[PDB]
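Presented below is the structure to which this report refers.
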Amino acid sequence: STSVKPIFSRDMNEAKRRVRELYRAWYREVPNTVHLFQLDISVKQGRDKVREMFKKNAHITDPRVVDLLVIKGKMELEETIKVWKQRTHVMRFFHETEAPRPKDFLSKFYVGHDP
Amino acid sequence: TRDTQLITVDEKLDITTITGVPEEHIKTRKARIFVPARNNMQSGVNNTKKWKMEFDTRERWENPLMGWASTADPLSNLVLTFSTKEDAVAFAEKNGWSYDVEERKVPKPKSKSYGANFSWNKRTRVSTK
Amino acid sequence: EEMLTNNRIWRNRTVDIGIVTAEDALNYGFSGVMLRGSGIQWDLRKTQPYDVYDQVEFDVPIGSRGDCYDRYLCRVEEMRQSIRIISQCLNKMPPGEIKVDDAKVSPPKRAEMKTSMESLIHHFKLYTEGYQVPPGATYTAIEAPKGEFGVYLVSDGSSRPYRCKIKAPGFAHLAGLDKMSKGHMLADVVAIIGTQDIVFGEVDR
Amino acid sequence: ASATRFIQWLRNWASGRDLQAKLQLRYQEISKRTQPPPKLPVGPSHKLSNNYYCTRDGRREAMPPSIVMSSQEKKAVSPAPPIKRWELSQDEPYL
Amino acid sequence: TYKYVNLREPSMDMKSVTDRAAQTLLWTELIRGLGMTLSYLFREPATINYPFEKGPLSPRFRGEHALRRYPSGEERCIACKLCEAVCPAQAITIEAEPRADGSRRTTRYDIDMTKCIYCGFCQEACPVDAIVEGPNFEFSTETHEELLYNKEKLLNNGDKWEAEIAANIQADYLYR
Amino acid sequence: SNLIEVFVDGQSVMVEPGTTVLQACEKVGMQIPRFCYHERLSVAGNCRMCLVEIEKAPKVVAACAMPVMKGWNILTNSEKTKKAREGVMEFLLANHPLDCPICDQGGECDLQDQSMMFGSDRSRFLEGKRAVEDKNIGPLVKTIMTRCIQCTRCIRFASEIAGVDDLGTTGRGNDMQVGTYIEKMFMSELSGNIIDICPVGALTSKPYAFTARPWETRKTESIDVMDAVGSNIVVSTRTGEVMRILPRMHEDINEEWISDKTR
Amino acid sequence: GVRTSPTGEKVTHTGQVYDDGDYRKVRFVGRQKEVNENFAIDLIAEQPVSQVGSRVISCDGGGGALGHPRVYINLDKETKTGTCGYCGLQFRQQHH
Amino acid sequence: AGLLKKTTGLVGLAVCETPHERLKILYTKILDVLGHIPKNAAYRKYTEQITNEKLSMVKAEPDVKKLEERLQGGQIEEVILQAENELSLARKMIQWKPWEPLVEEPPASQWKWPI
Amino acid sequence: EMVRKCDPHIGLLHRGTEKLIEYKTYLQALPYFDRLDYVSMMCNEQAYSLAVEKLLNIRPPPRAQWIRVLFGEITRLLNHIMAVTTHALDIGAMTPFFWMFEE
Amino acid sequence: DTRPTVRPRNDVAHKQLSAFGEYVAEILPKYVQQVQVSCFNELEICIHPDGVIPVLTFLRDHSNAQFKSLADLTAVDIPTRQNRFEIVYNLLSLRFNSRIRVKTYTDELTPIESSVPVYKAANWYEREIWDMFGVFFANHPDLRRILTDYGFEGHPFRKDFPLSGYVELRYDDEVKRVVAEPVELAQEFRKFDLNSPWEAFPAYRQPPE
Ligand SMILES: CCCCCCCCCCCCCCCCCC(=O)OC[C@H](COP(=O)([O-])OCC[N+](C)(C)C)OC(=O)CCCCCCCCCCCCCCCCC
Ligand SMILES: CCCCCCCCCCCCCCCCCC(=O)OC[C@H](COP(=O)(O)OCCN)OC(=O)CCCCCCCCCCCCCCCCC
Ligand code: SF4
Ligand code: SF4
Ligand code: SF4
Ligand code: SF4
Ligand code: FES
Ligand SMILES: [K+]
Ligand SMILES: [Zn+2]
């Protein structure tokens with residue numbers, strides 16, 4: 001009970017090192033991604049998007065969940081560096097065609113029934 | 001015995017960030033853990049033996065072209081079968097779903113007696129057979 | 001064969017192209033002509049017969065070089081053996097019904113469905129609910145034209161399958177395209193793809 | 001089948017076969033597209049007596065797997081006898 | 001039983017070596033390949049003159065769907081929904097209500113011909129021979145919407161092809 | 001203390017005296033087939049679909065009516081038991097009409113299901129079938145009595161639950177007919193419940209007639225607000241439309257009944 | 001029978017028609033509304049009632065196995081005619 | 001002894017010039033490695049049994065073709081390869097120690113089907 | 001033009017057959033199997049049917065088993081004609097494709 | 001075995017497989033948890049996840065097993081289990097003309113050792129298991145999606161993943177590329193409740209709860 005087999009990191013301190021290593025790889029890659037794919041975004045927008053993705057999981061405290069997130073993040077990086085992804089796949093992080101949905105109670109009330 | 005060099009993780013299991021489900025369908029849904037009611041048109045009880053987990057119903061509108069029922073809810077047809085209540089609650093907790101649990105409703109044992117149909121002085125006597 | 005077998009241009013494109021050793025073929029999960037081309041004597045129609053394959057006579061072609069030319073000869077010779085079996089199936093065809101006479105599995109004949117109460121009930125249930133299959137998991141394979149095709153079918157006791165894993169023989173063959181292409185040119189990989197007999201309906205499922 | 005005798009000779013010679021014997025285009029040797037009606041037979045279970053379903057109920061004879069071992073000088077064995085070696089074909093051993 | 005396909009040892013007598021030398025230098029086995037394609041040039045082609053000629057079909061052919069009537073003109077379909085339950089693609093949508101005369105009939109019978117896999121399971125499951133797959137296969141359209149058949153379109157198909165549909169069922173119903 | 005040991009397929013179960021063979025089999029998860037026995041109605045014992053063998057006894061006993069005796073071994077899957085269910089199901093389907101496509105019960109019919117699980121798979125009945133005239137009993141309950149299997153559930157319900165002695169059996173033998181004899185309307189606040197207890201499509205809902213099949217409806221478990229009792233219901237929906245209201249069992253509020261207004 | 005609504009649109013045998021203000025009528029502009037002109041409710045009503053001498057009659061829809069499942073119709077009631085639930089043909093007992 | 005075969009028929013499986021001498025080496029090496037496994041391990045008892053049976057046949061049949069019919073393992077070159085695999089397996093069973101008791105029982109209902 | 005590495009990327013025809021089968025009855029799932037190896041249709045059906053029959057503990061009648069073998073070997077002709085002639089088509093030999101596709 | 005419609009039993013193979021099942025459990029007691037043989041003569045060995053490499057190596061190399069072919073490798077998702085995933089290995093022995101099934105278990109977070117060292121065929125089967133179920137295989141030469149689209153989020157073959165997914169693709173003329181948007185269905189998939197409320201197979205009746 002509570003004794004589990006690890007993936008890569010035996011504790012959060014070790015896991016956070018892999019998070020920082022992954023962040024440095026993504027940070028150095030955005031200039032190349034915005035160049036090869038000929039994206040109409042800036043290097044600042046891309047690096048802001050990377051930061052947005054990392055802060056989205058800043059509340060994790062289980063090292064194994066962090067290990068999978070780094071594993072999944074490295075697969076994403078490998079797909080982008082080798083240009084397995086297309087321009088359509090790299091722009092799906094920006095949701096350019098999705099109309100902004102309401103956030104406040106009143107706006108959600110007027111348009112439909114969803115919470 | 002299990003020479004694998006295990007570690008310790010003293011936090012509740014949570015896989016919401018690695019299951020790929022959009023945030024809209026984690027924090028806004030309401031799972032319902034229940035044993036399905038027997039279909040009252042039939043006497044069979046083989047569909048009342050496992051716990052199910054279904055989600056809250058959402059809007060269905062008519063397709064303008066054909067009148068078909070349309071949906072925007074990706075979890076509208078999702079039904080999960082579980083062997084026990086505790087297993088169902090465990091699965092909901094680790095996926096970050098808020099759930100309502102309804103305790104199984106079992107028929108109470110009943111005292112049947114064919115002889116009571118012909119009682120001497122009680123109202124259980126039947127007027128027709 | 002007049003166009004291909006003894007043609008020297010065809011032999012140049014296929015002889016010693018995509019050689020696979022008998023030991024590597026087994027470990028990489030190959031089946032069918034991919035094993036028989038390397039000299040392995042295996043065919044499920046003879047080792048694990050199904051239906052009435054043990055009541056027919058045919059020869060299993062075997063390669064010697066393990067290359068694309070021996071696998072082409074094996075496939076052309078298997079076409080000849082299929083004609084040999086078809087001759088025996090045309091003469092040994094017996095009389096009788098063509099589906100199991102158990103109306104909880106096979107639907108009744110339409111004439112009986114419109115005259116019998118039990119036949120209409122079973123026709124109704126077999127086309128709305130289907131037949132329940134007892135719980136259990138099986139792996140069943142046949143010698144399909146492209147190799148060993150099987151399904152790992154899991155049943156939970158209901159009328160709908162719980163799990164249906166499909167073993168496409170081309171999935172393992174295509175996985176070996178990287179080993180068999182070592183030391184070859186671009187035009188040879190075009191030949192190796194065709195020798196593996198790949199269809200991506202089964203590889204991708 | 002409408003080829004003149006000369007063209008039949010030319011095409012037979014150029015291929016080395018007697019093509020006319022085995023033409024790949026079909027002719028009046030095919031079946032008639034209208035056929036007499038059939039009268040198909042019935043199965044072994046079409047009986048009026050001695051035909052109870054519990055005596056031929058295949059699905060109900062299946063059983064759960066039999067547990068051989070569970071964690072809840074004997075001789076060595078193999079999964080089955082070793083496979084007998086195939087025999088070279090006598091119809092045509094070498095192609 | 002097995003056979004070898006490429007296990008043969010060539011002869012080494014001087015006449016066999018010279019025969020192979022002549023094949024290498026004079027392209028004899030390539031000239032032989034030319035002779036096989038020359039033969040085909042003088043055979044009758046297998047092409048048919050479509051649309052003036054049609055490829056042969058059989059009474060079991062599974063083509064466009066149609067809803068049939070009884071000889072009196074009453075619809076055969078009685079809204080049982082067996083076709084809807086067995087349709088692998090869920091291409092059939094049905095609604096029903098008691099008709100003005102109290103008959104069990106449909107108010108909606110739609111087949112999405114772009115979901116359908118033309119498998120014939122619906123006509124197998126119909127207990128009244130109402131929904132059938134007809135012999136028509138030349139019904140391509142210039143727009144997607146034209147392939148979403150409703151009940152009116154299916155009854156029109158049945159009334160159009162009934163003469164042929166009835167004769168095909170007459171030719172194959174004893175096999176069913 | 002007072003419990004008596006009985007065996008089901010050899011497995012021991014402790015039951016109270018007066019427990020029936022059918023109830024003893026329930027305690028081990030075995031449901032005996034039935035068409036006339038309802039746990040909330042009086043025992044009738046006239047469909048014979050619950051006949052089961054008792055080890056070391058030559059005659060099969062009615063499970064719904066026979067009390068268990070100490071030491072009995074109930075063979076719920078023996079050859080003798082299985083041949084009894086096939087014989088009875090054969091008799092039930094002999095005169096039953098081939099109405100399944102046009103019958104509202106199809107897909108949720110006990111006669112259909114128990115015929116698949118316990119009856120044979122083909123017919124050897126070569127005669128003509130019986131046909132009975134329908135009997136109007138109001139605007140809520142549709143009556144097609146050719147499908148009746150003379151189970152008397154409606155008769156017992158109307159008399160014991162509803163308190164209305166208007167349904168009975170007129171006739172004798174194969175001509176016995178369930179109905180009101182006179183032209184009468186079975187009008188009551190509990191009348192709609194005879195649709196649920198009728199195992200066959202002889203009694204069906206008139207508002208619901210032909211609109212849906214059971215397998216395509218979604219079952220939403222909700223509450224009723226027509227009165228203050230709070231009956232637990234099931235709301236059947238089909239492609240975003242409410243199709244019917246069914247009872248949902250709650251032993252402490254409504255059991256498996258609802259009022260006609262709630263339905 | 002086929003009848004036209006006041007705006008001119010034809011009414012189908014199911015009683016479906018678009019109201020005068022429904023925007024969905026735009027789909028029929030430059031095209032036509034497909035309607036089957038052989039209303040089955042009218043055609044079945046044109047068939048004569050069959051007189052029989054027995055209290056019970058059977059209908060398979062005609063054509064044998066090409067019809068519908070054989071059902072048996074009770075003709076004891078004199079006020080109304082027994083109707084086949086599958087094909088709508090009516091039967092009446094001769095002189096009750 | 002018999003004439004030497006020209007081919008084994010299997011691609012990549014070279015003919016063996018001295019099938020008997022090579023087999024006696026491999027089986028003897030296997031029985032030496034099995035001496036390091038505890039005497040009661042079923043792998044040792046079974047593997048020594050079958051190895052001795054094959055070793056006796058190799059010593060009691062000088063003809064290769066007749067030896068193949070006794071070993072029932074295909075070509076004699078296939079039998080050598082299987083000896084090499086068995087030897088490699090035994091060297092690895094020592095490290096794994098499968099004869100030790102079960103590492104850990106499964107949860108209560110891990111192998112319960114249906115659920 | 002020397003090939004240093006082959007990295008097949010598949011899934012451009014991944015349709016979720018195995019997940020869709022879980023929502024079908026055993027009969028409804030059969031037409032999925034004609035569409036896996038769509039050159040060996042009746043062989044894919046047989047493998048599925050042998051598996052369900054094995055779990056059903058039933059046996060197809062003798063005449064059905066001969067039809068299945070007969071059409072199992074006609075199907076092998078269909079597949080091998082497709083395999084050999086397209087293999088030859090990709091290598092530059094196009095004439096055999098047309099001769100055998102009339103068969 | 002004279003009944004036309006019933007499948008005949010082969011009790012010779014049933015004994016042989018049962019005998020060999022004990023044989024494996026005796027040689028690998030450290031890992032073998034349960035052995036069973038089905039009524040259609042398929043042997044299953046249920047092992048601890050730690051025994052993937054020892055068990056498969058023994059079954060491939062032992063002179064009395066020689067399971068040289070990995071027929072297939074797949075996962076089954078059972079949400080009600082503490083370890084919801086069930087890794088299934090189907091092996092074939094050409095020498096003995098036999099088949100065996102090896103089964104283990106894992107959950108969302110526990111790795112399972114990669115069997116590429118034992119069977120080169122497992123390279124893509126483990127990629128498919130990871131891609132379609134999210135089960136991580138340790139020491140895999142290269143683990144990544146094989147079937148799903150690039151950037152696809154989630155694991156389709158999990159029982160809690162919806163049939164139609166969460167996103168769908170179209171072409172948008174404003175951005176001149178294919179975009180991904182939340183899924184909306186013109187016709188919702190129609191859920192059918194097909195289960196019969198009457199028990200079908202008494203032989204498999206589970207003990208009452
Ligand atoms: C007695 C005195 C002593 C001296 C007497 C000498 C007399 C004989 C003189 C020698 C004859 C040489 C003939 C030419 C040989 C050249 C070809 C060759 O090299 O063969 C080997 C080559 C290669 O053969 P290879 O692939 O088997 O390899 C040969 C070498 N080894 C085996 C060691 C690898 O053959 C070819 O050239 C293939 C031809 C390509 C395909 C072309 C399509 C075929 C077209 C056929 C129709 C041709 C019509 C031509 C007529 C046109 C009219 C305008
Ligand atoms: C007879 C036909 C005359 C007309 C042919 C004109 C074309 C000439 C070009 C083709 C070459 C044929 C001429 C060579 C001699 C052939 C006759 C011959 O060799 O004698 C027959 C005799 C029987 O052969 P056998 O005993 O079965 O086995 C061979 C064992 N040495 O074989 C022998 O045993 C004798 C020794 C055989 C070895 C001699 C070397 C032959 C190879 C040298 C190259 C020949 C070609 C050179 C010219 C190339 C240009 C075409
Ligand atoms: S042919 Fe098949 S897919 Fe098409 S509507 Fe009929 S049952 Fe559905
Ligand atoms: S077409 Fe046939 S199967 Fe479909 S609903 Fe109508 S009667 Fe039933
Ligand atoms: S009551 Fe049941 S068996 Fe009888 S016709 Fe209706 S659905 Fe069929
Ligand atoms: S009408 Fe229904 S409930 Fe009443 S006796 Fe007949 S079958 Fe039973
Ligand atoms: S349920 Fe016992 S006789 Fe009817
Ligand atoms: K009812
Ligand atoms: Zn009728």
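Every chain in the structure tokens has a letter given in the order shown (A, B, ...), and although residue numbers restart at 1 in each chain, ligands are simply numbered from 1 in the order shown.
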Tell me which protein, DNA and RNA residues are within 8 Å of residue D:71, counting only C-alpha atoms, leaving out same-chain ones fewer than 5 positions away, and put them as a list in words.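 Surrounding residues, per the criterion: residues 105 of chain H; 33 and 34 of chain J.
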Taking only C-alpha atoms into account and nothing else, which residues of chain C lie no more than 6 Å away from chain I? Please answer as a PDB file with N, CA, C and O atoms, in the first residue's frame.
ATOM      1  N   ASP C  51     -12.230 -25.941 -40.755  1.00  0.00           N
ATOM      2  CA  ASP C  51     -13.267 -26.327 -41.717  1.00  0.00           C
ATOM      3  C   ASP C  51     -12.893 -27.702 -42.254  1.00  0.00           C
ATOM      4  O   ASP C  51     -12.774 -28.642 -41.448  1.00  0.00           O
ATOM      5  N   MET C  79      -1.142 -20.109 -56.230  1.00  0.00           N
ATOM      6  CA  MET C  79      -2.298 -19.962 -57.108  1.00  0.00           C
ATOM      7  C   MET C  79      -2.608 -21.269 -57.818  1.00  0.00           C
ATOM      8  O   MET C  79      -3.778 -21.632 -57.985  1.00  0.00           O
ATOM      9  N   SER C  82      -4.304 -23.572 -55.419  1.00  0.00           N
ATOM     10  CA  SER C  82      -5.686 -23.197 -55.146  1.00  0.00           C
ATOM     11  C   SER C  82      -6.627 -23.759 -56.203  1.00  0.00           C
ATOM     12  O   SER C  82      -7.734 -24.201 -55.882  1.00  0.00           O
ATOM     13  N   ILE C  86      -9.756 -26.212 -55.589  1.00  0.00           N
ATOM     14  CA  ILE C  86     -11.073 -25.887 -56.130  1.00  0.00           C
ATOM     15  C   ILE C  86     -11.637 -27.073 -56.899  1.00  0.00           C
ATOM     16  O   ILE C  86     -12.845 -27.331 -56.871  1.00  0.00           O
ATOM     17  N   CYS C  89     -13.025 -29.316 -54.256  1.00  0.00           N
ATOM     18  CA  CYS C  89     -14.223 -28.782 -53.619  1.00  0.00           C
ATOM     19  C   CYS C  89     -15.423 -28.843 -54.551  1.00  0.00           C
ATOM     20  O   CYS C  89     -16.560 -28.960 -54.086  1.00  0.00           O
ATOM     21  N   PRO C  94     -20.967 -31.679 -50.689  1.00  0.00           N
ATOM     22  CA  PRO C  94     -22.053 -32.553 -50.271  1.00  0.00           C
ATOM     23  C   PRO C  94     -23.380 -31.817 -50.271  1.00  0.00           C
ATOM     24  O   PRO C  94     -23.418 -30.587 -50.407  1.00  0.00           O
ATOM     25  N   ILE C  98     -26.984 -25.140 -45.193  1.00  0.00           N
ATOM     26  CA  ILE C  98     -25.806 -24.292 -45.313  1.00  0.00           C
ATOM     27  C   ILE C  98     -25.573 -23.426 -44.086  1.00  0.00           C
ATOM     28  O   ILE C  98     -24.603 -22.666 -44.060  1.00  0.00           O
ATOM     29  N   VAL C 100     -26.013 -23.553 -39.492  1.00  0.00           N
ATOM     30  CA  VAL C 100     -26.251 -24.445 -38.365  1.00  0.00           C
ATOM     31  C   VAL C 100     -27.736 -24.470 -38.047  1.00  0.00           C
ATOM     32  O   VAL C 100     -28.390 -23.424 -37.959  1.00  0.00           O
ATOM     33  N   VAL C 133     -23.167 -14.756 -26.451  1.00  0.00           N
ATOM     34  CA  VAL C 133     -22.010 -15.639 -26.572  1.00  0.00           C
ATOM     35  C   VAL C 133     -21.476 -15.901 -25.170  1.00  0.00           C
ATOM     36  O   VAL C 133     -21.294 -14.949 -24.405  1.00  0.00           O
ATOM     37  N   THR C 140      -8.168 -17.076 -32.436  1.00  0.00           N
ATOM     38  CA  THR C 140      -8.401 -17.967 -33.562  1.00  0.00           C
ATOM     39  C   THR C 140      -7.731 -17.379 -34.792  1.00  0.00           C
ATOM     40  O   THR C 140      -7.916 -16.199 -35.097  1.00  0.00           O
ATOM     41  N   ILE C 142      -6.365 -18.116 -39.036  1.00  0.00           N
ATOM     42  CA  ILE C 142      -6.460 -18.868 -40.276  1.00  0.00           C
ATOM     43  C   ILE C 142      -5.256 -18.514 -41.133  1.00  0.00           C
ATOM     44  O   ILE C 142      -4.587 -17.504 -40.918  1.00  0.00           O
ATOM     45  N   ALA C 144      -4.737 -16.915 -43.914  1.00  0.00           N
ATOM     46  CA  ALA C 144      -5.274 -15.976 -44.870  1.00  0.00           C
ATOM     47  C   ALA C 144      -4.286 -15.796 -46.017  1.00  0.00           C
ATOM     48  O   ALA C 144      -3.117 -16.165 -45.903  1.00  0.00           O
ATOM     49  N   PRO C 145      -4.737 -15.239 -47.141  1.00  0.00           N
ATOM     50  CA  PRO C 145      -3.834 -15.107 -48.292  1.00  0.00           C
ATOM     51  C   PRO C 145      -2.552 -14.361 -47.977  1.00  0.00           C
ATOM     52  O   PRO C 145      -1.499 -14.699 -48.530  1.00  0.00           O
ATOM     53  N   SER C 159     -24.573  -9.892 -25.996  1.00  0.00           N
ATOM     54  CA  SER C 159     -24.648 -10.021 -27.444  1.00  0.00           C
ATOM     55  C   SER C 159     -23.632  -9.159 -28.176  1.00  0.00           C
ATOM     56  O   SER C 159     -23.489  -9.305 -29.392  1.00  0.00           O
ATOM     57  N   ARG C 160     -22.933  -8.271 -27.478  1.00  0.00           N
ATOM     58  CA  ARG C 160     -21.939  -7.414 -28.093  1.00  0.00           C
ATOM     59  C   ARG C 160     -20.541  -7.806 -27.633  1.00  0.00           C
ATOM     60  O   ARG C 160     -20.342  -8.086 -26.447  1.00  0.00           O
ATOM     61  N   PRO C 161     -19.555  -7.848 -28.530  1.00  0.00           N
ATOM     62  CA  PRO C 161     -18.196  -8.202 -28.102  1.00  0.00           C
ATOM     63  C   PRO C 161     -17.650  -7.198 -27.102  1.00  0.00           C
ATOM     64  O   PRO C 161     -17.890  -5.995 -27.208  1.00  0.00           O
ATOM     65  N   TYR C 162     -16.897  -7.701 -26.126  1.00  0.00           N
ATOM     66  CA  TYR C 162     -16.237  -6.807 -25.181  1.00  0.00           C
ATOM     67  C   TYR C 162     -14.954  -6.237 -25.770  1.00  0.00           C
ATOM     68  O   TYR C 162     -14.718  -5.026 -25.714  1.00  0.00           O
ATOM     69  N   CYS C 164     -12.244  -6.884 -29.301  1.00  0.00           N
ATOM     70  CA  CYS C 164     -11.981  -7.586 -30.557  1.00  0.00           C
ATOM     71  C   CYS C 164     -10.655  -7.062 -31.094  1.00  0.00           C
ATOM     72  O   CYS C 164     -10.615  -6.087 -31.848  1.00  0.00           O
ATOM     73  N   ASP C 178      12.070  -2.072 -42.164  1.00  0.00           N
ATOM     74  CA  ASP C 178      13.328  -1.389 -41.897  1.00  0.00           C
ATOM     75  C   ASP C 178      14.505  -2.354 -41.877  1.00  0.00           C
ATOM     76  O   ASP C 178      15.608  -1.982 -42.288  1.00  0.00           O
ATOM     77  N   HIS C 184      20.002  -1.460 -49.436  1.00  0.00           N
ATOM     78  CA  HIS C 184      19.309  -1.425 -50.713  1.00  0.00           C
ATOM     79  C   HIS C 184      19.033   0.017 -51.121  1.00  0.00           C
ATOM     80  O   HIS C 184      19.200   0.953 -50.337  1.00  0.00           O
ATOM     81  N   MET C 185      18.617   0.188 -52.374  1.00  0.00           N
ATOM     82  CA  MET C 185      18.344   1.502 -52.930  1.00  0.00           C
ATOM     83  C   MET C 185      16.858   1.835 -52.806  1.00  0.00           C
ATOM     84  O   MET C 185      16.058   1.061 -52.283  1.00  0.00           O
ATOM     85  N   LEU C 186      16.486   3.015 -53.304  1.00  0.00           N
ATOM     86  CA  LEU C 186      15.088   3.431 -53.260  1.00  0.00           C
ATOM     87  C   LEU C 186      14.207   2.502 -54.085  1.00  0.00           C
ATOM     88  O   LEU C 186      13.130   2.096 -53.638  1.00  0.00           O
ATOM     89  N   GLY C 194       6.054  -4.504 -52.061  1.00  0.00           N
ATOM     90  CA  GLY C 194       5.150  -5.371 -52.793  1.00  0.00           C
ATOM     91  C   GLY C 194       5.305  -6.837 -52.451  1.00  0.00           C
ATOM     92  O   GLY C 194       4.352  -7.609 -52.582  1.00  0.00           O
ATOM     93  N   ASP C 197       3.167  -7.866 -49.420  1.00  0.00           N
ATOM     94  CA  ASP C 197       1.732  -7.960 -49.670  1.00  0.00           C
ATOM     95  C   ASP C 197       0.947  -7.197 -48.600  1.00  0.00           C
ATOM     96  O   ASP C 197       0.209  -7.770 -47.798  1.00  0.00           O
ATOM     97  N   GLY C 201      -5.871  -1.534 -44.844  1.00  0.00           N
ATOM     98  CA  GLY C 201      -7.107  -1.748 -44.118  1.00  0.00           C
ATOM     99  C   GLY C 201      -6.901  -2.620 -42.896  1.00  0.00           C
ATOM    100  O   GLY C 201      -7.535  -2.411 -41.860  1.00  0.00           O
ATOM    101  N   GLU C 202      -6.010  -3.606 -42.998  1.00  0.00           N
ATOM    102  CA  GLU C 202      -5.744  -4.509 -41.886  1.00  0.00           C
ATOM    103  C   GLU C 202      -4.615  -4.005 -40.997  1.00  0.00           C
ATOM    104  O   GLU C 202      -4.668  -4.176 -39.775  1.00  0.00           O
ATOM    105  N   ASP C 204      -3.863  -0.912 -40.290  1.00  0.00           N
ATOM    106  CA  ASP C 204      -4.331   0.203 -39.478  1.00  0.00           C
ATOM    107  C   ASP C 204      -5.622  -0.099 -38.733  1.00  0.00           C
ATOM    108  O   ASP C 204      -5.837   0.449 -37.647  1.00  0.00           O
ATOM    109  N   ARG C 205      -6.481  -0.953 -39.282  1.00  0.00           N
ATOM    110  CA  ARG C 205      -7.745  -1.310 -38.638  1.00  0.00           C
ATOM    111  C   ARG C 205      -8.520  -0.081 -38.172  1.00  0.00           C
ATOM    112  O   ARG C 205      -9.100   0.643 -38.976  1.00  0.00           O
TER     113      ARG C 205
END
List all protein, DNA and RNA residues that have any atom at most 9 Å from ligand 4, counting only C-alpha atoms and all ligand atoms, and write the list as a ChimeraX atom specification. /E:67-68,76-86,92,94,105-106,109,122-132 /F:101-102
So the first atom is atom CA of residue D:56 and the second is atom CA of residue C:102; what is the distance between them in Å, to one decimal place?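 Between atom CA of residue D:56 and atom CA of residue C:102 the gap is 8.4 Å.
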For stretch 52-63 of chain G, please output as JSON, numbers by chain all residues within 7 Å (counting only C-alpha atoms; exclusion window: fewer than 6 positions along the same chain). {"F": [131], "G": [69, 70, 71, 72, 73, 74, 75, 76, 84, 87, 91, 92, 93, 94]}
Around ligand 3, which protein and nucleic acid residues have at least one atom no more than 6 Å from it, if we count only C-alpha atoms and all ligand atoms? List them as a list in words.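 Taking only C-alpha atoms and all ligand atoms into account, the residues around ligand 3 at most 6 Å away are residues 87, 88, 89, 91, 92, 116, 117, 118, 119, 120, 121 and 122 of chain E.
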Expected selection as number ranges by chain for ligand 5 within 9 Å, only C-alpha atoms and all ligand atoms: C: 117-118, 120-121, 124; F: 93, 96-113, 115, 146-149, 199-202
For chain H, report every residue with an atom at most 12 Å from chain E (counting only C-alpha atoms), formatted as a PDB file with N, CA, C and O atoms, in the first residue's frame.
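Result file is result-v2.pdb:
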ATOM      1  N   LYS H   6      24.369 -30.472 -48.343  1.00  0.00           N
ATOM      2  CA  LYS H   6      24.808 -29.251 -49.009  1.00  0.00           C
ATOM      3  C   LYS H   6      24.107 -28.015 -48.463  1.00  0.00           C
ATOM      4  O   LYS H   6      24.664 -26.914 -48.529  1.00  0.00           O
ATOM      5  N   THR H   7      22.900 -28.168 -47.920  1.00  0.00           N
ATOM      6  CA  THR H   7      22.158 -27.042 -47.376  1.00  0.00           C
ATOM      7  C   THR H   7      21.183 -27.548 -46.327  1.00  0.00           C
ATOM      8  O   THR H   7      20.738 -28.697 -46.375  1.00  0.00           O
ATOM      9  N   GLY H   9      18.296 -25.846 -45.897  1.00  0.00           N
ATOM     10  CA  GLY H   9      17.000 -25.398 -46.348  1.00  0.00           C
ATOM     11  C   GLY H   9      16.476 -24.167 -45.647  1.00  0.00           C
ATOM     12  O   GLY H   9      15.476 -23.599 -46.100  1.00  0.00           O
TER      13      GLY H   9
END
What residues in stretch 10-93 of chain A get the DSSP label alpha helix (DSSP H)? Please answer as JSON, numbers by chain. {"A": [12, 13, 14, 15, 16, 17, 18, 19, 20, 21, 22, 23, 24, 25, 26, 27, 28, 29, 30, 31, 32, 33, 34, 35, 36, 43, 44, 45, 46, 47, 48, 49, 50, 51, 52, 53, 54, 55, 63, 64, 65, 66, 67, 68, 69, 70, 71, 72, 73, 74, 75, 76, 77, 78, 79, 80, 81, 87, 88, 89, 90]}
